[PDB]
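File shown here: work-v1.cif, holding mmCIF, C-alpha atoms; chains and numbers go by the auth columns.
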data_my_file
#
loop_
_atom_site.group_PDB
_atom_site.id
_atom_site.type_symbol
_atom_site.label_atom_id
_atom_site.label_comp_id
_atom_site.label_asym_id
_atom_site.label_seq_id
_atom_site.Cartn_x
_atom_site.Cartn_y
_atom_site.Cartn_z
_atom_site.B_iso_or_equiv
_atom_site.auth_seq_id
_atom_site.auth_asym_id
ATOM 1 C CA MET A 1 10.452 -14.598 -15.857 0.00 1 A
ATOM 2 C CA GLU A 2 12.839 -12.966 -13.352 0.00 2 A
ATOM 3 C CA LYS A 3 11.291 -14.387 -10.141 0.00 3 A
ATOM 4 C CA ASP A 4 11.643 -17.872 -11.600 0.00 4 A
ATOM 5 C CA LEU A 5 15.270 -17.311 -12.585 0.00 5 A
ATOM 6 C CA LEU A 6 16.105 -16.194 -9.063 0.00 6 A
ATOM 7 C CA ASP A 7 14.117 -19.096 -7.583 0.00 7 A
ATOM 8 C CA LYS A 8 16.574 -21.433 -9.404 0.00 8 A
ATOM 9 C CA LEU A 9 19.487 -19.720 -7.601 0.00 9 A
ATOM 10 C CA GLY A 10 17.895 -19.984 -4.183 0.00 10 A
ATOM 11 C CA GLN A 11 17.693 -16.152 -4.313 0.00 11 A
ATOM 12 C CA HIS A 12 14.606 -14.218 -3.308 0.00 12 A
ATOM 13 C CA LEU A 13 14.048 -10.469 -3.430 0.00 13 A
ATOM 14 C CA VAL A 14 12.166 -8.576 -0.722 0.00 14 A
ATOM 15 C CA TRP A 15 9.759 -5.853 -1.778 0.00 15 A
ATOM 16 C CA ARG A 16 8.209 -3.086 0.349 0.00 16 A
ATOM 17 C CA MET A 17 6.374 0.031 -0.752 0.00 17 A
ATOM 18 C CA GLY A 18 4.472 3.025 0.494 0.00 18 A
ATOM 19 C CA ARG A 19 4.437 6.769 0.363 0.00 19 A
ATOM 20 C CA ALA A 20 7.353 8.818 1.672 0.00 20 A
ATOM 21 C CA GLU A 21 6.284 10.576 4.916 0.00 21 A
ATOM 22 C CA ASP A 22 7.221 14.089 3.859 0.00 22 A
ATOM 23 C CA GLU A 23 6.800 14.208 0.053 0.00 23 A
ATOM 24 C CA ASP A 24 4.210 13.104 -2.453 0.00 24 A
ATOM 25 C CA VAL A 25 6.362 10.211 -3.721 0.00 25 A
ATOM 26 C CA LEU A 26 5.776 6.444 -3.964 0.00 26 A
ATOM 27 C CA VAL A 27 8.815 4.613 -2.595 0.00 27 A
ATOM 28 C CA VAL A 28 9.667 1.071 -3.639 0.00 28 A
ATOM 29 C CA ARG A 29 12.347 -0.641 -1.619 0.00 29 A
ATOM 30 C CA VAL A 30 14.024 -3.793 -2.912 0.00 30 A
ATOM 31 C CA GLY A 31 16.812 -6.061 -1.691 0.00 31 A
ATOM 32 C CA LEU A 32 17.871 -9.679 -1.216 0.00 32 A
ATOM 33 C CA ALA A 33 16.026 -11.767 1.364 0.00 33 A
ATOM 34 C CA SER A 34 19.147 -11.636 3.559 0.00 34 A
ATOM 35 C CA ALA A 35 18.632 -7.843 3.850 0.00 35 A
ATOM 36 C CA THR A 36 15.187 -8.203 5.414 0.00 36 A
ATOM 37 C CA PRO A 37 16.286 -7.143 8.899 0.00 37 A
ATOM 38 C CA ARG A 38 17.425 -3.748 7.444 0.00 38 A
ATOM 39 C CA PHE A 39 14.070 -2.780 5.990 0.00 39 A
ATOM 40 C CA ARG A 40 12.417 -2.108 9.361 0.00 40 A
ATOM 41 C CA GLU A 41 15.385 0.004 10.418 0.00 41 A
ATOM 42 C CA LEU A 42 14.755 2.428 7.533 0.00 42 A
ATOM 43 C CA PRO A 43 12.510 5.514 7.849 0.00 43 A
ATOM 44 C CA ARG A 44 8.902 4.399 7.803 0.00 44 A
ATOM 45 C CA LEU A 45 6.745 4.601 4.676 0.00 45 A
ATOM 46 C CA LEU A 46 2.983 5.242 4.708 0.00 46 A
ATOM 47 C CA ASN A 47 0.226 2.915 3.497 0.00 47 A
ATOM 48 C CA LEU A 48 -1.824 4.417 0.712 0.00 48 A
ATOM 49 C CA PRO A 49 -4.831 3.449 -1.447 0.00 49 A
ATOM 50 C CA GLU A 50 -4.097 1.428 -4.554 0.00 50 A
ATOM 51 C CA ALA A 51 -5.557 4.315 -6.660 0.00 51 A
ATOM 52 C CA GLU A 52 -3.072 6.719 -5.168 0.00 52 A
ATOM 53 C CA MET A 53 -0.291 4.264 -6.067 0.00 53 A
ATOM 54 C CA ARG A 54 -1.508 4.146 -9.641 0.00 54 A
ATOM 55 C CA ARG A 55 -1.573 7.965 -9.821 0.00 55 A
ATOM 56 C CA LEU A 56 1.964 8.258 -8.455 0.00 56 A
ATOM 57 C CA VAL A 57 3.401 5.663 -10.836 0.00 57 A
ATOM 58 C CA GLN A 58 1.610 7.226 -13.778 0.00 58 A
ATOM 59 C CA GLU A 59 2.968 10.706 -12.919 0.00 59 A
ATOM 60 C CA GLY A 60 6.467 9.273 -12.546 0.00 60 A
ATOM 61 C CA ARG A 61 6.595 10.261 -8.816 0.00 61 A
ATOM 62 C CA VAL A 62 8.367 7.040 -7.724 0.00 62 A
ATOM 63 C CA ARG A 63 11.749 6.304 -6.213 0.00 63 A
ATOM 64 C CA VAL A 64 13.112 2.770 -6.230 0.00 64 A
ATOM 65 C CA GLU A 65 15.574 2.061 -3.416 0.00 65 A
ATOM 66 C CA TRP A 66 18.093 -0.723 -2.973 0.00 66 A
ATOM 67 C CA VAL A 67 18.531 -2.044 0.537 0.00 67 A
ATOM 68 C CA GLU A 68 21.996 -3.466 1.163 0.00 68 A
ATOM 69 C CA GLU A 69 22.120 -6.592 3.320 0.00 69 A
ATOM 70 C CA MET B 1 2.481 -2.682 5.688 0.00 1 B
ATOM 71 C CA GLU B 2 0.983 -2.001 2.233 0.00 2 B
ATOM 72 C CA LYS B 3 0.581 -5.646 1.103 0.00 3 B
ATOM 73 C CA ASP B 4 -1.379 -6.339 4.277 0.00 4 B
ATOM 74 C CA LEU B 5 -3.625 -3.313 3.789 0.00 5 B
ATOM 75 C CA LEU B 6 -4.465 -4.442 0.272 0.00 6 B
ATOM 76 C CA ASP B 7 -4.975 -8.033 1.458 0.00 7 B
ATOM 77 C CA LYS B 8 -7.809 -6.673 3.681 0.00 8 B
ATOM 78 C CA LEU B 9 -9.498 -5.206 0.571 0.00 9 B
ATOM 79 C CA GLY B 10 -9.239 -8.405 -1.424 0.00 10 B
ATOM 80 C CA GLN B 11 -6.811 -6.454 -3.670 0.00 11 B
ATOM 81 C CA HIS B 12 -3.530 -7.882 -4.881 0.00 12 B
ATOM 82 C CA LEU B 13 -0.875 -6.188 -6.995 0.00 13 B
ATOM 83 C CA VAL B 14 1.039 -7.996 -9.738 0.00 14 B
ATOM 84 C CA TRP B 15 4.750 -7.331 -10.074 0.00 15 B
ATOM 85 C CA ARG B 16 7.058 -8.129 -13.010 0.00 16 B
ATOM 86 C CA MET B 17 10.567 -6.897 -13.694 0.00 17 B
ATOM 87 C CA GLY B 18 13.493 -7.233 -16.031 0.00 18 B
ATOM 88 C CA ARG B 19 15.740 -5.230 -18.261 0.00 19 B
ATOM 89 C CA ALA B 20 14.364 -3.279 -21.212 0.00 20 B
ATOM 90 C CA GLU B 21 15.441 -5.015 -24.466 0.00 21 B
ATOM 91 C CA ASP B 22 17.023 -1.985 -26.095 0.00 22 B
ATOM 92 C CA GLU B 23 18.333 0.204 -23.238 0.00 23 B
ATOM 93 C CA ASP B 24 20.296 -0.320 -20.063 0.00 24 B
ATOM 94 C CA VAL B 25 17.241 0.228 -17.832 0.00 25 B
ATOM 95 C CA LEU B 26 15.551 -1.917 -15.161 0.00 26 B
ATOM 96 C CA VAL B 27 11.797 -1.944 -15.767 0.00 27 B
ATOM 97 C CA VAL B 28 9.317 -2.632 -12.985 0.00 28 B
ATOM 98 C CA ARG B 29 5.754 -3.214 -14.064 0.00 29 B
ATOM 99 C CA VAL B 30 2.921 -3.062 -11.539 0.00 30 B
ATOM 100 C CA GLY B 31 -0.858 -3.370 -11.702 0.00 31 B
ATOM 101 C CA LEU B 32 -3.908 -4.924 -10.053 0.00 32 B
ATOM 102 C CA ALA B 33 -4.319 -8.695 -10.227 0.00 33 B
ATOM 103 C CA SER B 34 -7.187 -8.171 -12.690 0.00 34 B
ATOM 104 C CA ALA B 35 -4.641 -6.686 -15.149 0.00 35 B
ATOM 105 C CA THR B 36 -2.557 -9.863 -15.261 0.00 36 B
ATOM 106 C CA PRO B 37 -3.626 -10.844 -18.778 0.00 37 B
ATOM 107 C CA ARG B 38 -2.173 -7.509 -20.087 0.00 38 B
ATOM 108 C CA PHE B 39 1.341 -8.061 -18.803 0.00 39 B
ATOM 109 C CA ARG B 40 2.205 -10.782 -21.334 0.00 40 B
ATOM 110 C CA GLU B 41 0.886 -8.610 -24.150 0.00 41 B
ATOM 111 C CA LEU B 42 3.485 -5.922 -23.364 0.00 42 B
ATOM 112 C CA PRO B 43 6.953 -5.830 -24.985 0.00 43 B
ATOM 113 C CA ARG B 44 9.108 -8.489 -23.389 0.00 44 B
ATOM 114 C CA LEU B 45 11.648 -7.695 -20.671 0.00 45 B
ATOM 115 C CA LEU B 46 14.930 -9.582 -20.191 0.00 46 B
ATOM 116 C CA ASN B 47 15.997 -11.646 -17.177 0.00 47 B
ATOM 117 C CA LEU B 48 19.133 -10.328 -15.550 0.00 48 B
ATOM 118 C CA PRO B 49 21.415 -11.242 -12.618 0.00 49 B
ATOM 119 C CA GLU B 50 20.411 -9.924 -9.223 0.00 50 B
ATOM 120 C CA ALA B 51 23.736 -7.967 -9.106 0.00 51 B
ATOM 121 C CA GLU B 52 22.858 -6.197 -12.312 0.00 52 B
ATOM 122 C CA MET B 53 19.483 -5.283 -10.780 0.00 53 B
ATOM 123 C CA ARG B 54 21.215 -3.828 -7.755 0.00 54 B
ATOM 124 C CA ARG B 55 23.542 -1.772 -9.988 0.00 55 B
ATOM 125 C CA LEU B 56 20.644 -0.404 -12.036 0.00 56 B
ATOM 126 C CA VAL B 57 18.585 0.575 -8.992 0.00 57 B
ATOM 127 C CA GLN B 58 21.593 2.174 -7.348 0.00 58 B
ATOM 128 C CA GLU B 59 22.370 4.238 -10.484 0.00 59 B
ATOM 129 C CA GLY B 60 18.730 5.307 -10.707 0.00 60 B
ATOM 130 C CA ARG B 61 18.313 3.568 -14.129 0.00 61 B
ATOM 131 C CA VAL B 62 14.795 2.252 -13.358 0.00 62 B
ATOM 132 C CA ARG B 63 11.381 2.905 -14.835 0.00 63 B
ATOM 133 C CA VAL B 64 8.262 1.879 -12.945 0.00 64 B
ATOM 134 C CA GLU B 65 5.264 1.196 -15.187 0.00 65 B
ATOM 135 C CA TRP B 66 1.578 0.947 -14.385 0.00 66 B
ATOM 136 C CA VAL B 67 -0.376 -1.671 -16.277 0.00 67 B
ATOM 137 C CA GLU B 68 -4.043 -0.772 -16.688 0.00 68 B
ATOM 138 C CA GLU B 69 -6.485 -3.668 -16.373 0.00 69 B
#
Written as structure tokens, how would this file's structure read?
Amino acid sequence: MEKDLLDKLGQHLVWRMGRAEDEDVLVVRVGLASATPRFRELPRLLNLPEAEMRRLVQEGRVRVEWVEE
Amino acid sequence: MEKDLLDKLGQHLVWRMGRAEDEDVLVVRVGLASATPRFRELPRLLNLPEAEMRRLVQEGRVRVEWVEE
């Protein structure tokens, strides 16, 4: 299990998600815990119902983004 | 914040990730907490260094998967 592996290295990943503000796309942002401050600086994502999230993942309308610390 | 929104609905999302066994692709699997049992039934993913994960996300070699409960 990946989370466990990272736990053993003292590493933790930060996850944030939501819909892009101007396109019908689910955005997943991921980075090391040390990059946390940068997440809030990024353009804001919108909350959305869990059903909408399922729809977007199933249609492949998802963008995963790496946030540099 | 999405996690918070879902917390208010008693909903929780399960996240698992790792590299696909036969292709250079980072796989992210997501589903409702009630779908947890199904995750372990799925083909196994491989642990990988956090640096490799960053590389894969940055090159766009990522597949997000929805796990039905």
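The space between CA of residue 12 in chain A and CA of residue 59 in chain B spans 21.3 Å.
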What gap, in Å, lies between CA of residue 31 in chain A and CA of residue 5 in chain A?
-> 15.7 Å
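Shortest atom-to-atom contact with residue 62 in chain B among B:11, B:27, B:19, B:2: B:27, counting only C-alpha atoms.
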Just so the selection is clear, what residues does the PyMOL selection byres ((chain B) within 9 of (chain A)) cover here, as a PyMOL selection string?
-> chain B and resi 1-3+5-6+11+13+16-18+30-32+45-50+54-55+57-58+60+62-68
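Between CA of residue 20 in chain B and CA of residue 25 in chain A the interatomic distance comes to 23.5 Å.
Closest approach to residue 10 in chain A among A:52, A:33, A:23, A:42: A:33, based on all atoms listed in the file.
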